Structure formats: structure tokens, C-alpha cells
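Since the structure comes first, as C-alpha cells, the remarks are kept for the end.
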């Protein structure tokens, strides 16, 4: 399949080179897989989700995304126009309030929910969790992320938007999960993107167009935007039978675009997510 005039992020993950605008992907498109978007909620009624997104859990008075951040991340995972896995199933776990904030304890409960809720969902191709959140270092948030990874879910978390080493941030510093940094359309590390030895992969992070609340769209930046690229990429790759939940992050790194990014600090992987699709 070929999506012309796609967002630059989608075209980048299917390209050996930057500066293209067509997204190529196997038409399976993550069908039969699931991606949990653990964020502010998803506006599931957005026409871009085609009835494939739904709220499965909230810890607040409403499961509605009064923010837009979670809708934007879910749209990058699997919206028909802005998603990587355009046929995946999107499950919303609202752990962040409408201001984008949330207690670590609520975030931890949401991660343990997904580790159990996947046994209530039909995901024959496997389960992914996209965590476009993060804060200061916490061994309890990291361990919660390690449990979600251990339970059979491919966990992708943002490196952080502090332009520092991601070792001081959770769940970014959890080694067992996929810690995703951010890059821009010119194959530069995003100026805000965290780095370090804990980073596993880079995805498109700067000026990412995706869905927004109110049935709209907008372009925002963040490692919170690159994580749904890798999360949707994982789901796309598990549907194709190319990898599993336990080996997806390692697989994405093995098959990634190597040494194409600039301003990657010494000691950080120079790897860009790449779907390796040959049309």
C-alpha cells in the first residue's frame, strides 16, 4: 500500500532517506493487533479512527480526552490518515487528567490494568502499549513498566523532552521497555529529545500531524509523538509475524536506519525506526 502526501513521520518510517512524502506499508496494516494508548484518553468518535478506537479505562470523572494529547498519540498509532498501523485496535487508558498530569500511582495502576486487560481483548497478532508520558525517576513506575513488558505487551515509552540523559526519568529509564527518542524531518535529534544509553530507538518527533480533540487535527512536537510511531510500528510488525512483543524493540533496532541521525550524543544509539517494507 502507498499513502501519498502522508505526514513526514509516516513517510520517514518507510524510507531509507528523509525528505519523502509517501508512506509505504503492507496492507495488513496491523490488523489483528492491539495498541493501548495510556494517556489522557482518546476521542474514539473521531472519524479518523473508523470505529477502531475505544476507551477501556479511566481513573477520572470522565474517560473523554479533554486535552488532545492522547487523541494525538492514538492517531499516530492507527488513524487511517496519520497512523502507522491503520487497521490496528486502539484501547484508551486515561491515566492523565485533562491538564496532561497524573499521579505516578494512577499511572502505575493503568499499566497493571493493561497487563490484565489484554486477556479481555482479541489480539491474535499481539499487544502493544504506548506510554507518551513520563516524569522524574521512580523505581515503582519503572517496575510497573517492566511488569507490563513481562506480561507479554510490547511497551514503548517516551525518552522525555528535557534534552538530558533519560536515566533520570521514568518509565524512560526502565531497560526492559522500548525508550523512544525524537527526531525531526531533517534527520536531526529533536532539540528537546532526551538521550543516553537507555534509549532504544528514535522516531519522528518534531512537528507531527495527527488527530486532535473536537474531530480536528494539529501538529505538535515531543518524544510523546515519536513513541506512537514505534508503538504503531511494533503492532504493524507483529501482525506481519516478523517479531513478538518480547522481541519487537530489539527487532526494530536491528532493522532500523543506522547512523542517519545528526546531533546524537556519544553513547546514544543512532537508530531510526524503519518498517523495512519493500513495495
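Every number here is computed from the coordinates shown, using simple stated rules; none is lab data. A quick note on method: Cβ atoms are made from the backbone with ideal geometry, for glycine too, and the neighbour counts reach across all protein chains shown.
Taking other Cβ within 10 Å of each residue's Cβ, how do 167, 12 sort, fewest first?
Going from sparsest to densest Cβ surroundings: 167, 12.
Using the alpha-carbon centroid of each, what span in Å lies between region 202-253 and region 58-135?
Here the answer is 12 Å between Cα centres.
Would you calculate a helix-derived [θ] at 222 nm for the chain, using -39,500 (n - 2.57) for each DSSP H run of n ≥ 4 and dividing by the full residue count, to the nearest 500?
My calculation for the chain gives -7000 deg cm²/dmol from helical runs alone.
GNM, the chain, Cα, under 10 Å: largest mean-square fluctuation among 148, 261, 96?
Among 148, 261, 96, the largest mean-square fluctuation in the Gaussian network model of the chain belongs to 261.
Which one, 266, 192, 202, has the greatest fluctuation when you compute a Gaussian network model over the chain with C-alpha springs under 10 angstrom?
266
Name the most mobile residue of 28, 183, 210, meaning the one with the largest mean-square fluctuation, in a Gaussian network model of the chain with Cα contacts below 10 Å.
Judging by the Gaussian network model, the answer is 28.
Under the classification rounded if a/c is under 1.5, otherwise prolate if a/b is larger than b/c and oblate if not, where does the chain fall, given a ≥ b ≥ c as square roots of the Cα gyration tensor eigenvalues?
Since a/c stays below 1.5, the shape of the chain is classed as rounded.
How would you rank 73, 249, going from fewest to most other Cβ atoms within 10 Å of each one's own Cβ?
Exposure proxy ranking, most exposed first: 249, 73.
Could you list 93, 198 so that the one with the fewest beta carbons within 10 Å of its beta carbon is first and the one with the most is last?
Lowest to highest Cβ neighbour count: 198, 93.
Under 18 Å from a point 7 Å along the Cα-to-Cβ line of residue 216: which residues of region 51-77 have their amide N that close?
Residues 65-76 fall inside that zone.
Report, for the chain, the % of DSSP beta bridges that are antiparallel, rounded to 5. Don't skip to the answer; put the middle values down first.
On the way: 13 of 44 bridges.
Antiparallel bridges make up about 30 percent of those DSSP assigns within the chain.
Taking only C-alpha pairs under 8 Å that are 6+ residues apart, what is the relative contact order of region 2-272 in percent?
Reported relative contact order: 21 percent.
Given axes a ≥ b ≥ c from the Cα gyration tensor, I'd like to know whether region 106-217 is rounded (a/c under 1.5), prolate (a/b larger than b/c) or oblate.
It is oblate, given that a/c is not under 1.5 and a/b is not larger than b/c.
With each label point set 7 Å from Cα along the Cα-Cβ vector, what nm distance links residue 247 and residue 4?
3.9
Rounded to the nearest 5, what % of DSSP beta bridges with both residues in region 131-200 are antiparallel?
On the way: 3 of 8 bridges.
If we restrict to bridges inside region 131-200, about 40 percent are antiparallel.
Does region 41-136 come out rounded, prolate or oblate, given a ≥ b ≥ c as the square roots of the eigenvalues of its C-alpha gyration tensor, rounded meaning a/c under 1.5 and, failing that, prolate meaning a/b above b/c?
The shape class here is oblate.
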